[PDB]
Each structure stands twice: as structure tokens, then as C-alpha cells.
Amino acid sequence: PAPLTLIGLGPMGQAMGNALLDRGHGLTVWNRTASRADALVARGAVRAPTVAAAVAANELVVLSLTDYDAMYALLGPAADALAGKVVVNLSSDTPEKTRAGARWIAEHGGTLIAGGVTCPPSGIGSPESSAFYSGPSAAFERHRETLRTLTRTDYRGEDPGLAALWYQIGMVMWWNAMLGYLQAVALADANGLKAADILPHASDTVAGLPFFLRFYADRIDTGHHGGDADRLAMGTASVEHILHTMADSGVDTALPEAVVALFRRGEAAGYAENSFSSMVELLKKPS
């Protein structure tokens, strides 16, 4: 196993450091809050005295930070010593800001590989986990085996904005679903029900969603949103029932209102008799 540097020891960074040590990689770590490296150092990791020494310790530098602005904040002061470094940035950001980070790293002599890890910390090191990757192909294949200690690698191409784009595409569905979980848990609590009580029904509901994703993927791609499978106006009545159920129980309604608002736009565009998938045409319009 190759040696490498890991900067950023939040929930994800902690998990990566433990999985890299599990594999036997000579690991050099650094974190702004130094205390978060203690457990990894006790397991055999080398604590870098500074972030510059961390970068200098290896060719491969992995970052697990909140966003790309934290990269400039951490790597900025000693950016002159980034020449010849391979910076694998596993932080979420937009495709535009991801490209900007790649441009900034190249201008200082390094090369940036963009990554988007699609698993929680407990998923690091497991082969069922995956992560999108885009950036320079040669530098990626040169460090793919080390990156495969963390997750499976899904290389998307040369443009660094690709991995960030793919990460956002899945996360917009994920946050929508999990905020609906909190919304469902809040409704259950107002009626004397726990998250553990609604867990089986909530899990069965989301587990059947792939069948509908497949059924509507083919239909959306033909560009025709016929109301033969479902009628948007019936979806409006359904989400309105959710909203009023929430309000009747005294539960916050901010997100149910936003859902109803989009259906009302679908009806305002004349899509009442078409499938609810027709709203993908409103969603493609700017603003």
C-alpha cells in the first residue's frame, strides 16, 4: 500500500484514516483541531506538525473538508509548495467551484482530482460503497489503488465538474427524502408515535421507489408525459392531503407548502391531465 497525506478529520476523514491504516498505508494526517487526530496517531498515523509539512510528506494529498473554500483557507499559505502534488479533494461543492479549485491547483503546479463519496463514514472501507471521480486520467489511474481502499472508484472523465455534478444529482434526492423522514417523524410525534414505530412502513415505502424510478425514467426520456399512468391533478390532491394533515397536527408545513406550490405550478402550466413527470419541464426553466 502506498503512503499518503490526509487533511480534514471530520466524520468522513476519521473513517478514511482508520480504513487506510487498516490497509497498512503509511498515513500522515493533519487537522485544524489537532485533538481529532489523537486516535489515528495512536493507531500508527504520523501527525504532521503543520499543514505545509503534511503536504510535503507525500505526493498524494487527500482532503475531506466542508467545501472548496476550506481548501484555499488550508492550502493557501504554503501554496507555493504544491508543485508536483496530487490533491484528491473529496469535499462537496458545485461543478463551477470544483473547476475553480482545479484551476487554482494547476496554477500552483499541482493537479486536482475531484471526488464525491456517496457513503456515510461507517461505509468507508467497505466494497459496497462508491465514490465519483473526475479529473486528470493519468494521475487518477496512478493513485486508483490507494483510493480503492476507501471506496469503489467510478471515474467519470477529465472535467473535475463531473464528480461534483454526479454527487449533487444523487444528493438532491437524498436530502429531499431524509427531510421528508424528519417531516414524517414530526407528524408521528404529534400523534404519540415514535420514529421506531413508523420505521418499518417508512422503509417499505422508500424501498419500493426504484420500481417507480425505472417506470418513469423511460417515459421522461421519450419527452412525452401522458396522463395514462397518473394524473398530476390527483398528485396535487395527494400532496394537499399531506400538507393539511401536517397543519392539523400543529407540525411545521414549510416543506409541504413548497411541494404543493410546485404542483400548483404544474396545473398553472396546463398539466393537470398529464403525468406529474410533466413538471420536469417546469423544473428545466431557469429561476
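Numbers follow the displayed sequence, beginning with 1.
**Prompt:** Looking only at CA atoms, which has the higher mean B factor in the entry: 236-244 or 221-229?
**Reply:** Of 221-229 and 236-244, the stretch with the higher C-alpha B-factor average is 221-229.
**Request:** Compare the mean C-alpha B-factor of 123-131 with that of 158-166 as given in the PDB entry, and name the stretch with the higher value.
**Result:** In the deposited entry, the stretch with the higher C-alpha B-factor mean is 123-131.
**Message:** Checking the record values for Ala79, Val88, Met173, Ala184, which has the greatest CA B factor?
**Reply:** Max CA B-factor in the entry, restricted to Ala79, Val88, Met173, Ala184: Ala79.
**Prompt:** Looking at the C-alpha B-factor of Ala19, is it in the lowest, middle or highest third of its chain?
**Reply:** For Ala19, whose C-alpha B-factor we compare with every modelled residue in the chain, the answer is the highest third.
**Request:** Select lowest, middle or highest to describe the third in which the CA B-factor of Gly13 falls within its chain in this entry.
**Result:** For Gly13, whose C-alpha B-factor we compare with every modelled residue in the chain, the answer is the middle third.
**Request:** Relative to the other modelled residues of the same chain, rank the CA B-factor of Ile7 and answer lowest, middle or highest third.
**Result:** Its C-alpha B-factor, which the entry lists for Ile7, ranks in the lowest third among residues of this chain.
**Prompt:** Would the CA B-factor of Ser35 place it in the lowest, middle or highest third of its chain?
**Reply:** Highest third.
**Message:** Please say which third, lowest, middle or highest, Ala106 falls into when its CA temperature factor is compared across its chain.
**Reply:** Middle third, going by the recorded CA B-factors of the chain.
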